[PDB]
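Undergrad: Take this sequence and fold it.
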Amino acid sequence: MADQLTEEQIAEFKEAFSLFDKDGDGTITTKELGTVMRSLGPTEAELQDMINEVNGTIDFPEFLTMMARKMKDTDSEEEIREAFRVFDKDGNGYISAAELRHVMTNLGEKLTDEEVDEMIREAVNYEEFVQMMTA
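TA: Residues are numbered from 1 along each chain as shown. Have a look at this structure:
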């Protein structure tokens, strides 16, 4: 989906897409697409994938849906890191099993006690626990 990004990121991408080429129809070529991607924030495989997903013209929604992937990935990684860095006053990166089980049972969403016990048995480090839960 396109709702994983932030409004400021969309505004910056729109400003770059408008200022990169002439006014009005701001369509760009493949080389222009790569240049705009390098200016906004570079591998040849990503450029080839963006060209294949898009003759040789790239409009606004194509560039948006090509850029959204890595942006949302980095945003999710940063959010997970910031969430794992909080709460724990020690900050060492590990927590007790009892505290983790209590946080998973009495907080989060709607998880039964049996499901929480199964998740605890299937699994400490917060990042490793999140990676094991995501699978």
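
Undergrad: who's in contact with the helix or strand where residue 133 lies?
TA: Element membership for residue 133, per DSSP states H and E: helix 126-134. With CB atoms under 8 Å, 6 or more residues apart in numbering as the test, helix 126-134 has contacts from 80-81, 84, 88, 93-95, 100, 119, 122-123. C-beta coordinates here come from the backbone N, C-alpha and C atoms, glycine included.

Undergrad: Repeat the analysis, applying 10 Å as the threshold.
TA: Contact with helix 126-134 is made by 77, 80-81, 83-85, 87-88, 93-95, 100, 104, 119-120, 122-125, as judged by CB atoms under 10 Å, 6 or more residues apart in numbering.

Undergrad: remind me, longest helix of the protein?
TA: Across the chain, the longest stretch assigned as helix under DSSP state H is helix 60-85.

Undergrad: continuing past that helix, what's the next helix or strand?
TA: With DSSP H and E, the next secondary element past helix 60-85 is helix 97-105.

Undergrad: Next, the buried residues of the helix or strand following that following helix.
TA: Using DSSP H and E, the next helix or strand after helix 97-105 towards the C-terminus is helix 113-122. By neighbour count on 16 or more other CB atoms under 10 Å, the buried set for helix 113-122 is 116, 119-120.

Undergrad: nearest to residue 68, of these?
TA: Of all the buried residues of helix 113-122, residue 68 sits closest to residue 119, with 30.2 Å by CB to CB.

Undergrad: pretty sure the closest one contacts residue 104?
TA: Yes: with contacts counted by CB atoms under 10 Å, residue 119 reaches residue 104, the gap being 6.9 Å.

Undergrad: Give the residues shared as contacts by these two.
TA: 111, 129, 133.

Undergrad: got those residues as JSON lines, with neighbour count and distance to residue 63 columns?
TA: Formatted as JSON lines, those follow (neighbours: other CB atoms under 10 Å; distance: CB to CB, whole Å):
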{"residue": "111", "neighbour count": "13", "distance to residue 63": "39"}
{"residue": "129", "neighbour count": "18", "distance to residue 63": "36"}
{"residue": "133", "neighbour count": "11", "distance to residue 63": "33"}
